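Reviewing the structure listed below.
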Amino acid sequence: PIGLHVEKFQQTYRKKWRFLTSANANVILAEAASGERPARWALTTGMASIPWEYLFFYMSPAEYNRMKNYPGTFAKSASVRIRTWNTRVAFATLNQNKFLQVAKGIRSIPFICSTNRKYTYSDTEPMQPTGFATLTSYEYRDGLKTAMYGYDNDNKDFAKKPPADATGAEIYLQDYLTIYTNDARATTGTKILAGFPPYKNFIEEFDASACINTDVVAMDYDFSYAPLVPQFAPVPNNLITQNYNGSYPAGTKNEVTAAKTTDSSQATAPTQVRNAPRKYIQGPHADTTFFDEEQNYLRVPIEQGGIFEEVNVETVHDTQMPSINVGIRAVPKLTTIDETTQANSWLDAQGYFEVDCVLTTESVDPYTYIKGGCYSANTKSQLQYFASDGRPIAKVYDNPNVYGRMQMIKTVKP
Amino acid sequence: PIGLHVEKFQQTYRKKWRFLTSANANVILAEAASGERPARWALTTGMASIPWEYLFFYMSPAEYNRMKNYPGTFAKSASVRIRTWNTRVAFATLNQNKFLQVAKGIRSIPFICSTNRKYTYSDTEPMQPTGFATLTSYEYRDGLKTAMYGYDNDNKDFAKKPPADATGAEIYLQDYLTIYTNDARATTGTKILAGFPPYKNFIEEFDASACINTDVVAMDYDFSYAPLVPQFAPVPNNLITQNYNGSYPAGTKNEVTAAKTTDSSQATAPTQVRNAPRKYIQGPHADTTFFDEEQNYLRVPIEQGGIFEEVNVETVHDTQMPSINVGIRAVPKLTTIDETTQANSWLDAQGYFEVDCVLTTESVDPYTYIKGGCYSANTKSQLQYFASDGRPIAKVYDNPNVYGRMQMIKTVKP
Amino acid sequence: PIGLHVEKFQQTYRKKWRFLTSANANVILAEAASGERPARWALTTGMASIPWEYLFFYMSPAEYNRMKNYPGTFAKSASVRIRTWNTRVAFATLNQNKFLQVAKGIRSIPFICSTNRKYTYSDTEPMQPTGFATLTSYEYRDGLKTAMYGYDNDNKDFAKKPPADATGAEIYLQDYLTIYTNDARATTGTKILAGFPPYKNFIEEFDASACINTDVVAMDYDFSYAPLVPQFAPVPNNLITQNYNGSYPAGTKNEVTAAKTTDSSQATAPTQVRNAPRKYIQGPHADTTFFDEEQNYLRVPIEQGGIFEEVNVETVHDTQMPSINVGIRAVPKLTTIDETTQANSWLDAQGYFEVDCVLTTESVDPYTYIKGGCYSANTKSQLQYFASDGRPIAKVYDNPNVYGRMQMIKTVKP
Amino acid sequence: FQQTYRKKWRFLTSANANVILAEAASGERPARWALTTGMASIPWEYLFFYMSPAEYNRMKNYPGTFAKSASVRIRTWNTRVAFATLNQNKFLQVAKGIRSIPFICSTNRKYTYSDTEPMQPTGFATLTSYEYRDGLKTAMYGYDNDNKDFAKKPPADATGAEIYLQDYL
């Protein structure tokens, strides 16, 4: 018994990037209440986020459009190496102290509320954030992808964005780590006055001068369930049997996934919901808007463990890739004339980061039948969670964690 | 502390059978749509099914009626050895090529839709199936049991069926493996034209001439939960306590079984249902129609893991015994006069199979109380799934698999 | 990255008690039906219950009131050593046979229905129970605590109860093991006539004369989840994020606890209920009546695994501390004048038990924020099951087991 | 990417007699004498021999595909002989590279047989080599599920059954 003819492919995507980060000052910014978002204090950092959790980081649009032709593709591994170089410091002073901040896994820390934000800067102090730019994390990643890979040859603004993948040039990063604390100025009743969390107790800080041209980040990740392309559709057994809608015992094991909803306001207890609305991503009644629209390139992270469910007996668990933020500590420029205990002026400093990223993906072609083409075993069918409005649900890393977890969100039509 | 007086019994049932199988041709038969069963193409084989998954295969009716008197009986193991002998070939030709097909576990393969069917044969070609006999799998097993063990002494047709258990004679087998594919002649819309699956890539084929008087099958199975007789009823604690209907925490473990319903048409997502309708098989409100009617002898397979639930903390998982089909490949009889690229005439060939089957079962008598008789600990209470109409639910091996699984079905009143 | 400042404390509470137990006769007492409690026969023993499962056994009220000031306190371990001394026997006879009964884990045996009860005794035979005192198990433990630790200095009856913790004196015990069987005198229909279970097959019996001043019990227990004081409240993330009510995938794992309801009358099948009504024991909408009223001192056992749920991914399982009953077998005083085959008169015998008990507890102070005080990570939030009427639900050891399990019950307002 | 396609076939060949057949002139084809053999041609030089239509339709999605190697193993089994005689002499003919021999003019042809002697070719069937290979492919892999004659041709790739060969040297 030779069994199935399954043709197995492994592909590797390597990219290499030059990143410049501003040495932003640590200032407190007020963010007003907006709808369900409350009023809060924002503490900015100079640690720019490295979007190693997204497919555009490793794959050019050509490689992605070719990968489309390989159903059953799963990202098996990702690896990122970050190597710092000389740090630029504005000149009139000569002696300089340069420090390199590296934050790994801040996004998953439960008690630290933090997101990556783009700041607006004062004209007089380009290192001092004075507000928040309207740019979102999706738009940050989209502009980053445009800087990496250029426009199309027919674009009216093609010349504005030379491709970093072609030139090897540097890209400035704008999303920097930002901690939040509650703003109790207008809070009525019980006020929480804990201030900020000591986030510097959870980051690594190095001597930039000694770390010039030295590896400072080396992070590897194995994906649990990262479907880049949906599997081949099986031959539907409803065309061959009246048994298609049969039931079989599951025993004491859970072989249908569940979703956990929490409430940090403690108004309601946490809830576990089984058999949430979901639908197949290949087959007769397939819904492939997630892969067609399209989402897994830069809008949604590579790792989607928990979101995608197979009819197989295989166990499913929640997943989360560690976050990476790297930056240069702000260089103070305060003196005795500008009488103050904390720096209110800083020197323009830039960190130089060389990023080498490798992504391994792997795909199958199963020949379960003689004619037509590839058909999978129906145990390979995959389902994705959906909302009530036919809108797919996916993991997001942009929002702050919920009890240390990355949440599901309804995707957005591009 | 000596503890309970538990008397523990082990019993062994051995049987030995002679089976004759026809070398049926591989022909395509059309099966028309009937109700929810769609139109399909049937590809016949010569591999007869060995019903080693049923209790009559190992136990005579006398042994079964005695086993009734031992509550708490569980089938612990089954073992089958199949030994092939000389193969008969019709004579006018002399040189012969004989091949022995052995298929193990075809029933559990997800993408191969297959069942065991009885064929009707043409008058001119007794090796060529021309249709399907109205005999079902239950009736096949019932006729097989009648051939093995005879009728009752008062039967009007007692003389027609000499007992193979007494005589050692051979029994012809009529259920042969049959693959199905969809019939898209009348299908409107999206047609699946994959043809048949290459089922011969999953079977073993031997040289019958060299395998004469040689062991070809040796399959052992350990049962997970195979209650042949319901346990002893416990002393009901509602007669002694007001606490009988109390609740206790289950934690994050599932200690009540669940049922999974799938839909191969992909019209609906798979569903997991906890607390399905079920009832106790011993005690005050017991329902024992499954064991009384009676079902576990030849109507329903021995292995019933998932169907039966104890109040105990013990974990439950889905179960499935591997299928066994053995046969002789058809011997073609085509020549140049009957101009054709594939054989349309075959020689009458028969395979001789010697089957030695052993079943180990084991039972308990617990003396939890001083007077009356045996009473179990109430943690030994067993529940069985039931349908809405008071009809027990049991595993069945007759239908094609659903995503590689054997399904529950409502039993049928005998 | 130094991480959180978490200050970790370990505390040990040791107590030492002298216990006197009556050598009660084994007599059958009739208990009439009351509401949902049926009519039953009660078989008394002389094995007094050792309440080592309650906090007052190890902690004085001063230590308990101080332990209140340490949020996040969990009982990590308990240990009990019981050492028997000389046994008193009433004098006119000289030769004596004294036997020491030790029962461990009788409470968890499924088929033995047993509770600890206080008996009323005949005037002529102080060793012969003639009924049941109206004292409950809570009131037994409360009187025991009063004997151990005295009243308050302003109590009108302060002088009546000298503290055993101060004096080292002996305390008589009144809750003795009592087996129950059904009373079928008025039962109509199917009568269960099994009599009593042979409970002496599950106890250890020693020679008291040789065991004088010898260790007879040595039992250690590690608690799974025993929150003595609720954790520190976290900083609520609804004050900082609009993400507070987000959902995240649970996969095939259960990370919300479930409750199992059984029915020993077998009128209904067992049920598993997920997302039972529960509420947080610290934070904005906290409900702390369980710890304020207060329950975990002597009303409710230390071990509460299953009752308390964290938002953490940690697995939860049902828990149960073994029971301890120690006593002296009754010394018969029957002769030929009082013609009878079983003793109807007994000598006054008392067992002397020295109990050394140690409880280890351990607590945390996490400094997740800079100002205000201690705040936990929100993954440390704890929820407790509640009833429909805002009444907390807790494990109880007073009722007979349900399928070998200790049940949840609605607590009682003190 | 590297891909491997394996197939396994059972072939029956007739022991055709060596007879001389006359082929008349047709257009530019001259009149010639044809000497038949019993050596059936093995179409190992064609892609359907190794690949099912499903594998071929998937291979379409891989531009730049080159066949790097082919390998064929032929294993003979028992030879059937008609019965009234008992003693038999059976001989197995294997011809490799006859097609490339310059002075031997040879092609693979399908014969028509006499009713009285099924081993004696009496002419040439109108079947061509393309149609021979097409019928062979149909025997190997079956028809489409919607074909009116689907039942006539059970797939040898599924069943493992034998296929008779008609093009002989």
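Note on naming: chains are A, B, ... as they come in the structure tokens, residues start from 1 per chain, ligands start from 1 in the order shown.
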Please identify every residue of chain C that has at least one atom no more than 8 Å from any atom of chain B, counting only C-alpha atoms, and report them as an NGL selection string.
:C and (36-40 or 110-111 or 113 or 180-183 or 192-198 or 200-204 or 254-272 or 306-307 or 315-318 or 399-400 or 402-409)
Only residues of chain D matter here; which ones have an atom within 6 Å of chain A, counting only C-alpha atoms? Give them as a PDB file with N, CA and C atoms, in the first residue's frame.
```pdb
ATOM      1  N   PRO D  53      -4.660  12.102 -15.257  1.00  0.00           N
ATOM      2  CA  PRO D  53      -5.135  13.430 -15.675  1.00  0.00           C
ATOM      3  C   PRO D  53      -5.154  14.449 -14.549  1.00  0.00           C
ATOM      4  N   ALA D  54      -5.397  14.028 -13.306  1.00  0.00           N
ATOM      5  CA  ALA D  54      -5.338  14.961 -12.185  1.00  0.00           C
ATOM      6  C   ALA D  54      -3.925  15.494 -11.985  1.00  0.00           C
ATOM      7  N   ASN D  57      -3.160  17.909 -14.870  1.00  0.00           N
ATOM      8  CA  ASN D  57      -3.822  19.198 -14.725  1.00  0.00           C
ATOM      9  C   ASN D  57      -3.208  20.025 -13.605  1.00  0.00           C
ATOM     10  N   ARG D  58      -2.676  19.375 -12.568  1.00  0.00           N
ATOM     11  CA  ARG D  58      -1.947  20.128 -11.552  1.00  0.00           C
ATOM     12  C   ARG D  58      -0.579  20.564 -12.061  1.00  0.00           C
TER      13      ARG D  58
END
```
Please list as a PyMOL selection string every residue within 9 Å of residue 410 in chain A, counting only C-alpha atoms and excluding residues in the same chain fewer than 3 positions away.
chain A and resi 386-387+391-395
Could you pull out the residues in range 2-154 of chain D that DSSP calls strand (DSSP E or B) from the backbone, as a PDB file with N, CA and C atoms, in the first residue's frame?
```pdb
ATOM      1  N   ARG D  10      -0.895  -3.682 -15.424  1.00  0.00           N
ATOM      2  CA  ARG D  10      -0.948  -5.088 -15.809  1.00  0.00           C
ATOM      3  C   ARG D  10      -1.338  -5.138 -17.277  1.00  0.00           C
ATOM      4  N   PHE D  11      -0.504  -5.770 -18.093  1.00  0.00           N
ATOM      5  CA  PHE D  11      -0.703  -5.818 -19.531  1.00  0.00           C
ATOM      6  C   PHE D  11      -0.804  -7.260 -20.006  1.00  0.00           C
ATOM      7  N   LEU D  12      -1.804  -7.519 -20.839  1.00  0.00           N
ATOM      8  CA  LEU D  12      -1.965  -8.798 -21.510  1.00  0.00           C
ATOM      9  C   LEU D  12      -1.655  -8.626 -22.988  1.00  0.00           C
ATOM     10  N   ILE D  20       2.212 -12.919 -43.182  1.00  0.00           N
ATOM     11  CA  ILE D  20       2.477 -11.821 -44.101  1.00  0.00           C
ATOM     12  C   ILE D  20       1.146 -11.239 -44.556  1.00  0.00           C
ATOM     13  N   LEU D  21       0.981  -9.935 -44.365  1.00  0.00           N
ATOM     14  CA  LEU D  21      -0.217  -9.217 -44.770  1.00  0.00           C
ATOM     15  C   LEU D  21       0.118  -8.248 -45.892  1.00  0.00           C
ATOM     16  N   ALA D  22      -0.774  -8.160 -46.872  1.00  0.00           N
ATOM     17  CA  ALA D  22      -0.588  -7.216 -47.964  1.00  0.00           C
ATOM     18  C   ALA D  22      -1.235  -5.884 -47.619  1.00  0.00           C
ATOM     19  N   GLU D  23      -0.466  -4.806 -47.738  1.00  0.00           N
ATOM     20  CA  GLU D  23      -0.978  -3.453 -47.575  1.00  0.00           C
ATOM     21  C   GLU D  23      -0.897  -2.754 -48.922  1.00  0.00           C
ATOM     22  N   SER D  26      -1.543   3.635 -51.031  1.00  0.00           N
ATOM     23  CA  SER D  26      -2.531   4.661 -50.706  1.00  0.00           C
ATOM     24  C   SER D  26      -1.839   6.015 -50.781  1.00  0.00           C
ATOM     25  N   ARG D  29       1.892   6.425 -49.940  1.00  0.00           N
ATOM     26  CA  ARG D  29       2.299   5.160 -49.339  1.00  0.00           C
ATOM     27  C   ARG D  29       2.306   4.066 -50.400  1.00  0.00           C
ATOM     28  N   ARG D  32       3.124  -2.705 -50.007  1.00  0.00           N
ATOM     29  CA  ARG D  32       4.148  -3.335 -49.192  1.00  0.00           C
ATOM     30  C   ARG D  32       3.595  -4.589 -48.536  1.00  0.00           C
ATOM     31  N   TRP D  33       4.513  -5.470 -48.155  1.00  0.00           N
ATOM     32  CA  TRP D  33       4.206  -6.685 -47.418  1.00  0.00           C
ATOM     33  C   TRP D  33       4.469  -6.439 -45.941  1.00  0.00           C
ATOM     34  N   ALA D  34       3.521  -6.833 -45.099  1.00  0.00           N
ATOM     35  CA  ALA D  34       3.619  -6.638 -43.660  1.00  0.00           C
ATOM     36  C   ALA D  34       3.775  -7.982 -42.966  1.00  0.00           C
ATOM     37  N   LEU D  35       4.814  -8.101 -42.149  1.00  0.00           N
ATOM     38  CA  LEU D  35       5.068  -9.283 -41.340  1.00  0.00           C
ATOM     39  C   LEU D  35       4.753  -8.946 -39.888  1.00  0.00           C
ATOM     40  N   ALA D  40       3.911  -6.630 -28.331  1.00  0.00           N
ATOM     41  CA  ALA D  40       3.152  -5.410 -28.111  1.00  0.00           C
ATOM     42  C   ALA D  40       4.068  -4.279 -27.669  1.00  0.00           C
ATOM     43  N   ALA D  82      -3.991 -22.130 -24.313  1.00  0.00           N
ATOM     44  CA  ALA D  82      -5.278 -22.790 -24.492  1.00  0.00           C
ATOM     45  C   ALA D  82      -5.110 -24.302 -24.439  1.00  0.00           C
ATOM     46  N   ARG D 109       1.146  -1.780 -35.084  1.00  0.00           N
ATOM     47  CA  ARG D 109      -0.136  -1.810 -35.770  1.00  0.00           C
ATOM     48  C   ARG D 109      -1.115  -2.687 -35.008  1.00  0.00           C
ATOM     49  N   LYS D 110      -2.399  -2.402 -35.184  1.00  0.00           N
ATOM     50  CA  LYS D 110      -3.464  -3.236 -34.648  1.00  0.00           C
ATOM     51  C   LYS D 110      -4.010  -4.113 -35.764  1.00  0.00           C
ATOM     52  N   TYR D 111      -4.126  -5.407 -35.492  1.00  0.00           N
ATOM     53  CA  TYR D 111      -4.522  -6.377 -36.500  1.00  0.00           C
ATOM     54  C   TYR D 111      -5.991  -6.752 -36.361  1.00  0.00           C
ATOM     55  N   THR D 112      -6.560  -7.234 -37.459  1.00  0.00           N
ATOM     56  CA  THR D 112      -7.820  -7.958 -37.408  1.00  0.00           C
ATOM     57  C   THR D 112      -7.544  -9.453 -37.495  1.00  0.00           C
ATOM     58  N   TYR D 113      -8.337 -10.233 -36.771  1.00  0.00           N
ATOM     59  CA  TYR D 113      -8.075 -11.653 -36.606  1.00  0.00           C
ATOM     60  C   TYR D 113      -9.190 -12.477 -37.231  1.00  0.00           C
ATOM     61  N   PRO D 121      -3.469 -12.974 -37.485  1.00  0.00           N
ATOM     62  CA  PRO D 121      -3.901 -11.714 -38.093  1.00  0.00           C
ATOM     63  C   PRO D 121      -4.293 -11.918 -39.548  1.00  0.00           C
ATOM     64  N   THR D 122      -5.413 -11.313 -39.937  1.00  0.00           N
ATOM     65  CA  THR D 122      -5.877 -11.367 -41.314  1.00  0.00           C
ATOM     66  C   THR D 122      -5.943 -10.004 -41.981  1.00  0.00           C
ATOM     67  N   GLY D 123      -5.555  -8.943 -41.286  1.00  0.00           N
ATOM     68  CA  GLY D 123      -5.603  -7.616 -41.857  1.00  0.00           C
ATOM     69  C   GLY D 123      -5.179  -6.590 -40.827  1.00  0.00           C
ATOM     70  N   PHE D 124      -5.468  -5.333 -41.139  1.00  0.00           N
ATOM     71  CA  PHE D 124      -5.156  -4.217 -40.260  1.00  0.00           C
ATOM     72  C   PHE D 124      -6.427  -3.498 -39.841  1.00  0.00           C
TER      73      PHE D 124
END
```
Name the closest residue to residue 169 in chain D among the candidates D:88, D:76, D:71, D:106; distances are taken between atoms, counting only C-alpha atoms.
D:106
Selection near residue 120 in chain D, 8 Å with only C-alpha atoms, sequence-local residues under 2 positions removed, as a ChimeraX atom specification:
/D:16-19,113-114,117-118,122
For C-alpha atoms, I'd like the residues from the last selection saved as a short mmCIF file (atom, residue, chain, number, x, y, z; two decimals), in the first residue's frame.
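So the final result, stored in result17.cif, reads:
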```
data_model
loop_
_atom_site.label_atom_id
_atom_site.label_comp_id
_atom_site.auth_asym_id
_atom_site.auth_seq_id
_atom_site.Cartn_x
_atom_site.Cartn_y
_atom_site.Cartn_z
CA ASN D 16 0.05 -13.44 -32.54
CA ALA D 17 1.27 -15.62 -35.38
CA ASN D 18 3.93 -14.40 -37.80
CA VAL D 19 1.94 -13.98 -41.02
CA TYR D 113 -8.07 -11.65 -36.61
CA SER D 114 -9.82 -14.59 -38.25
CA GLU D 117 -7.91 -18.60 -35.61
CA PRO D 118 -7.90 -15.78 -33.04
CA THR D 122 -5.88 -11.37 -41.31
#
```
I'd like the contact shell of range 44-49 of chain D - 8 Å cut-off, only C-alpha atoms, skipping same-chain residues fewer than 5 positions apart - returned as a PDB file with N, CA and C atoms, in the first residue's frame.
```pdb
ATOM      1  N   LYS D   7       3.497   4.868 -11.634  1.00  0.00           N
ATOM      2  CA  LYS D   7       2.338   4.098 -12.050  1.00  0.00           C
ATOM      3  C   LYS D   7       2.729   2.635 -12.152  1.00  0.00           C
ATOM      4  N   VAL D  72      11.449   2.383 -16.464  1.00  0.00           N
ATOM      5  CA  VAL D  72      10.427   1.365 -16.655  1.00  0.00           C
ATOM      6  C   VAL D  72      11.012   0.003 -16.311  1.00  0.00           C
ATOM      7  N   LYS D 137      -5.225   5.088 -22.476  1.00  0.00           N
ATOM      8  CA  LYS D 137      -5.400   6.055 -21.399  1.00  0.00           C
ATOM      9  C   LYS D 137      -6.790   5.944 -20.790  1.00  0.00           C
TER      10      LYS D 137
END
```
May I have the residues within 12 Å of residue 100 in chain B as a PyMOL selection string, using only C-alpha atoms and disregarding those fewer than 5 positions away in the same chain?
chain B and resi 21-23+46-48+83-87+203-212+214-217+325-331+349-353
Write the residues of the selection above to a file with C-alpha atoms, as a PDB file, in the first residue's frame.
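And here is the file that came out, selection30.pdb:
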```
ATOM      1  CA  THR B  21     -15.039 -15.744  -1.512  1.00  0.00           C
ATOM      2  CA  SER B  22     -15.860 -15.163  -5.169  1.00  0.00           C
ATOM      3  CA  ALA B  23     -13.268 -13.541  -7.409  1.00  0.00           C
ATOM      4  CA  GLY B  46     -13.813  -9.246  -4.806  1.00  0.00           C
ATOM      5  CA  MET B  47     -12.729  -8.480  -1.230  1.00  0.00           C
ATOM      6  CA  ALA B  48     -15.291  -9.980   1.135  1.00  0.00           C
ATOM      7  CA  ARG B  83      -4.843 -18.096   6.703  1.00  0.00           C
ATOM      8  CA  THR B  84      -5.322 -18.594   2.982  1.00  0.00           C
ATOM      9  CA  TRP B  85      -5.402 -22.013   1.267  1.00  0.00           C
ATOM     10  CA  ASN B  86      -5.532 -23.268  -2.333  1.00  0.00           C
ATOM     11  CA  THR B  87      -7.503 -21.084  -4.740  1.00  0.00           C
ATOM     12  CA  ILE B 203      -4.537  -2.599  -0.404  1.00  0.00           C
ATOM     13  CA  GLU B 204      -2.060  -5.460  -0.164  1.00  0.00           C
ATOM     14  CA  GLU B 205      -1.941  -7.933  -3.031  1.00  0.00           C
ATOM     15  CA  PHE B 206      -0.123 -11.251  -2.713  1.00  0.00           C
ATOM     16  CA  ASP B 207       0.649 -14.213  -4.956  1.00  0.00           C
ATOM     17  CA  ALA B 208      -2.079 -16.707  -4.073  1.00  0.00           C
ATOM     18  CA  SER B 209      -0.177 -19.695  -5.486  1.00  0.00           C
ATOM     19  CA  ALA B 210       2.764 -19.062  -3.146  1.00  0.00           C
ATOM     20  CA  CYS B 211       0.464 -18.017  -0.281  1.00  0.00           C
ATOM     21  CA  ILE B 212      -1.462 -21.317  -0.310  1.00  0.00           C
ATOM     22  CA  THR B 214      -0.088 -19.209   4.633  1.00  0.00           C
ATOM     23  CA  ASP B 215      -1.104 -16.642   7.245  1.00  0.00           C
ATOM     24  CA  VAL B 216      -2.031 -13.370   5.540  1.00  0.00           C
ATOM     25  CA  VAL B 217      -3.993 -11.492   8.217  1.00  0.00           C
ATOM     26  CA  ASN B 325     -11.556  -7.433   3.533  1.00  0.00           C
ATOM     27  CA  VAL B 326      -9.908 -10.418   1.875  1.00  0.00           C
ATOM     28  CA  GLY B 327     -10.427 -11.797  -1.590  1.00  0.00           C
ATOM     29  CA  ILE B 328      -9.017 -13.096  -4.847  1.00  0.00           C
ATOM     30  CA  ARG B 329      -8.454 -10.829  -7.830  1.00  0.00           C
ATOM     31  CA  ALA B 330     -10.631 -11.694 -10.813  1.00  0.00           C
ATOM     32  CA  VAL B 331      -9.007 -13.921 -13.437  1.00  0.00           C
ATOM     33  CA  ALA B 349     -12.286 -18.434  -8.968  1.00  0.00           C
ATOM     34  CA  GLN B 350     -12.758 -18.993  -5.244  1.00  0.00           C
ATOM     35  CA  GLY B 351     -10.509 -18.181  -2.318  1.00  0.00           C
ATOM     36  CA  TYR B 352     -10.290 -20.444   0.724  1.00  0.00           C
ATOM     37  CA  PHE B 353      -9.811 -18.633   4.034  1.00  0.00           C
TER      38      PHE B 353
END
```
Give me, as a list in words, all polymer residues having an atom no more than 9 Å from range 144-149 of chain A, counting only C-alpha atoms and skipping those fewer than 2 positions away in the same chain.
residues 17, 56, 57, 60, 61, 139, 140, 141, 142, 151, 161, 162, 163, 164, 165, 166, 171, 172, 173 and 298 of chain A
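Across the structure, CA of residue 363 in chain A and CA of residue 230 in chain A are spaced 10.1 Å apart.
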